[PDB]
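Notes follow the structure.
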Ligand SMILES: Nc1ncnc2c1ncn2[C@@H]1O[C@H](COP(=O)(O)OP(=O)(O)NP(=O)(O)O)[C@@H](O)[C@H]1O
Ligand SMILES: [Ca+2]
Ligand SMILES: [Ca+2]
Ligand SMILES: [Ca+2]
Ligand SMILES: [Ca+2]
Ligand SMILES: [Ca+2]
Ligand SMILES: [Ca+2]
Ligand SMILES: [Mg+2]
């Protein structure tokens with residue numbers, strides 16, 4: 129795919145919409161309640177719009193560790209991974225504005241229901257492994273995968289769960305081994321205790337989770353870190369006959385793979401996702417999904433972002449302003465189209481999605497491969513050759529939902545950093561993280577919008593531009 133390595137033009141990703149806010153946090157949000165706990169996590173409400181956010185309040189050298197977490201979080205775009213919105217800073221604290229999940233921790237579900245049948249466990253595991261697969265492909269290792277760091281989007285529902293808490297996470301290279309001893313005793317991979325490892329430590333932590341879901345207790349037990357660590361180091365675990373006699377061979381086989389002591393021979397997250405057990409509980413597009421599939425793929429097929437200001441706006445609204453409920457059905461379609469569960473849609477996956485849709489509805493022979501190549505030119509905001517979650521939401525949701533006055537005003541205000549009421553060439557270049565943009569790039573924005581010929585874009589002009597795209 130060397131075509132995606134050259135002559136790409138301006139790339140846009142959701143990380144670019146996270147700005148370090150110089151304003152006082154208390155002027156944008158108010159406290160609702162304390163969610164927990166380093167510092168505190170608070171449920172807060174936006175003074176404008178009254179949307180709810182989980183604000184992680186981190187107490188203040190160590191600013192290196194916080195800036196790394198911020199850079200990791202900024203890059204995350206996946207249905208089963210926490211979304212970061214904004215960052216504030218004051219004298220004693222850093223504030224991380226994240227998406228609030230009301231269903232509580234997976235751990236609490238474990239307390240309440242003791243163990244899960246295989247259907248529920250597989251549903252939980254496919255989501256964790258999808259998140260982890262996506263992390264590892266984006267050169268991120270989580271290092272604290274455990275049920276306390278998995279949250280439920282909705283109360284008592286396992287439909288969509290979220291990986292949170294990237295405080296121990298790191299970027300990783302294939303060319304260097306990781307060395308810091310970090311984790312939680314039940315879940316920590318033996319090679320992490322030996323202080324020499326790679327991303328395979330997360331797979332092991334997932335193998336510990338799966339084991340727990342299926343029987344209610346950890347494979348390397350004990351009641352203090354010291355005892356647990358001793359058992360983890362040794363690496364031996366057992367499927368107690370009475371507790372496991374009615375659990376399928378496939379489940380036990382996946383666990384064995386995920387808990388393979390040698391980390392080079394341990395399966396990848398991708399391989400775990402391709403196991404018989406995970407495949408057995410597959411949730412793919414069927415006739416029930418035809419209406420949302422049709423709306424989604426019809427919108428995608430028709431998508432034009434026009435010039436760079438409009439494209440920037442669209443990805444902003446889609447990636448940061450749409451609610452979990454608004455996204456519910458599209459999130460469900462995204463996951464179903466994502467056959468390999470890596471959290472990206474590839475060309476082979478989109479072709480298959482369109483073929484499945486055409487088969488539900490028989491006309492002229494279409495060249496579906498060429499149609500998808502063309503769709504990718506328009507919808508791939510970050511120019512990486514794949515469709516990520518937020519790109520998908522942004523091009524598949526109705527413009528009627530995205531382009532509310534309130535959302536257009538929010539988009540305008542994010543671009544207009546000096547609050548001058550006009551967006552300049554330089555403000556657009558700053559949004560995209562570039563020293564400057566070409567005269568042609570800005571002139572393409574202007575031609576479609578600048579009604580008063582001042583080489584800048586005001587809110588009225590912005591709104592008219594955006595509605596002309598509808
Ligand atoms: N986005 C969120 N939505 C809902 N609750 C959250 C969210 N983020 C964190 N919490 C809760 O706040 C508490 C976290 O404190 P703790 O259990 O020590 O982990 P931590 O590493 O200190 N930070 P974290 O797990 O990210 O909050 C837990 O109850 C979390 O479930
Ligand atoms: Ca190219
Ligand atoms: Ca935590
Ligand atoms: Ca995929
Ligand atoms: Ca992309
Ligand atoms: Ca301005
Ligand atoms: Ca103007
Ligand atoms: Mg933590």
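Residue numbers (my numbering): 129 to 598.
Even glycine gets a Cβ: it sits at the ideal position worked out from N, Cα and C.
*Please classify residue 328: is it buried, with 16 or more other beta-carbons within 10 angstroms of its beta-carbon, or exposed?*
Per the 10 Å Cβ criterion, buried.
*asked:* Does residue 591 come out as helix, strand or coil in the three-state DSSP assignment?
replied: Note: residue 591 maps to helix in three-state DSSP.
*Run through DSSP, which three-state label would residue 473 get?*
The answer is strand: DSSP assigns residue 473 an E or B state.
*Quick one: what does DSSP say residue 422 is sitting in, helix, strand or coil?*
Residue state, collapsed to three classes: helix.
_Helix, strand or coil for residue 451? Go by DSSP, reduced to three states._
Three-state DSSP puts residue 451 in coil, outside helix and strand.
*Would you mind giving the Cβ-Cβ distance between residue 313 and residue 375, rounded to the nearest angstrom? I have them listed as a contact below 8 Å.*
Residue 313 to residue 375, Cβ: 24 Å. No contact.
*Check whether the Cβ atoms of residue 330 and residue 252 sit closer than 7 Å, and answer yes or no.*
Remark: C-beta atoms of residue 330 and residue 252 do not approach each other more closely than 7 Å.
_I need the DSSP call for residue 190, collapsed to helix, strand or coil._
Three-state result, residue 190: coil.
*Counting only the same chain and skipping the five closest in sequence on each side, list residues whose C-beta sits under 7 Å from that of residue 428.*
Cβ within range, chain order: 503, 507, 523, 524.
*Tell me whether residue 493 is buried or exposed, calling it buried when 16 or more other Cβ atoms sit within 10 Å of its Cβ.*
Exposed, since its Cβ has fewer than 16 Cβ neighbours within 10 Å.
*Give every residue of the same chain whose Cβ lies closer than 8 Å to the Cβ of residue 257, excluding the five residues on either side of it in the sequence, and list them in chain order.*
Closer than 8 Å at Cβ, skipping near neighbours: 334, 397, 400, 401, 406, 469.
*Could you check where the beta strand (DSSP E) with residue 171 kicks off and where it finishes?*
Per DSSP, residue 171 belongs to the beta strand (DSSP E) from 167–174.
*residue 138 bridges to which residues according to DSSP?*
Note: residue 138 is not bridge-paired with any residue in the DSSP secondary-structure output.
*With DSSP as the reference, label residue 162 as helix, strand or coil.*
Strand, per DSSP.
*Since residue 212 is in the alpha helix (DSSP H), which residue starts that stretch and which ends it?*
Segment 212–217 is the beta strand (DSSP E) holding residue 212; no alpha helix (DSSP H) there.
*Looking at the structure shown, is residue 301 part of a helix, part of a strand, or coil, going by DSSP?*
Coil.
*Between residue 391 and residue 326, which are expected to be in contact by the criterion C-beta below 8 Å, what is the C-beta distance as a whole number of angstroms?*
Yes, they are in contact, since the Cβ atoms of residue 391 and residue 326 sit about 7 Å apart, within 8 Å.
*Helix, strand or coil at residue 466 [DSSP, three-state]*: Three-state DSSP puts residue 466 in coil, outside helix and strand.
*Decide if the region 297–310 is in contact with the region 265–280; the criterion is three or more beta carbon pairs, one per stretch, under 8 Å apart.*
Contact holds: three or more Cβ-Cβ distances are below 8 Å.
*Coarse secondary structure for residue 233, derived from DSSP in three states*: The answer is strand: DSSP assigns residue 233 an E or B state.
*Between the region 170–180 and the region 192–204, do at least 3 Cβ pairs fall closer than 8 Å?*
By the C-beta criterion, the region 170–180 is judged not to be in contact with the region 192–204, since fewer than 3 inter-stretch pairs fall below 8 Å.
*asked:* I'd like to confirm something about residue 506: is its beta-carbon nearer than 6 Å to some heavy atom of ligand 2, or not?
replied: For ligand 2, not one heavy atom lies less than 6 Å from the Cβ of residue 506.
*Does at least one heavy atom of ligand 4 sit under 6 Å from the Cβ of residue 477?*
For residue 477, the distance from the CB to the nearest heavy atom of ligand 4 is below 6 Å.
*CB-CB under 6 Å to residue 426, same chain, minus the five flanking residues each way: which ones, in chain order?*
Closer than 6 Å at Cβ, skipping near neighbours: no residue.
*Provide the residue(s) that pair with residue 459 in DSSP beta bridges, ordered along the chain.*
When beta bridges are read from the DSSP output, residue 459 appears opposite no residue.
*asked:* On the criterion of 16 or more Cβ atoms from any shown chain inside 10 Å, does residue 533 qualify as buried, or is it exposed?
replied: Exposed is the label assigned to residue 533, since fewer than 16 other Cβ atoms lie within 10 Å of its Cβ.
_Could you compute how far the alpha carbon of residue 596 sits from the alpha carbon of residue 581?_
Each residue's alpha carbon lies about 18 Å from the other.
*Straight-line Cα distance separating residue 140 from residue 601*: This structure does not reach residue 601, given that the chain is present from 129 up to 598, and the question cannot be answered.
*Taking only runs that begin and end inside the region 310–363, name each unbroken alpha helix (DSSP H) of 4 or more residues, in chain order.*
DSSP runs (the alpha helix (DSSP H)) wholly in the region 310–363: 318–321, 328–343, 353–362.
*asked:* On the criterion of 16 or more Cβ atoms from any shown chain inside 10 Å, does residue 515 qualify as buried, or is it exposed?
replied: Residue burial annotation: residue 515 is buried, with at least 16 other C-beta atoms found within 10 angstroms of its C-beta.
*Which residue spans inside the region 512–550 form an unbroken alpha helix (DSSP H) run of at least 4?*
List check, alpha helix (DSSP H) in window: 517–524, 527–530, 533–543.
*asked:* My assumption, with CB atoms under 8 Å, is that residue 222 sits in contact with residue 186. Please give the rounded CB distance.
replied: Confirmed, about 4 Å.
*What did DSSP end up calling residue 431 once you bin it into helix, strand or coil?*
In this structure, residue 431 counts as coil in the three-state DSSP scheme.
*Rounded to whole angstroms, how far is the Cβ of residue 387 from the Cβ of residue 249, which I believe are closer than 8 Å?*
In fact, because the Cβ distance is near 15 Å, the residues do not count as touching under 8 Å.
*Alpha carbon of residue 339 to alpha carbon of residue 347, nearest angstrom*: So the two alpha carbons sit approximately 7 Å from each other.
*Under 6 Å, CB to nearest heavy atom of ligand 3: contacting residues*: The filter returns 276, 277, 293, in chain order.
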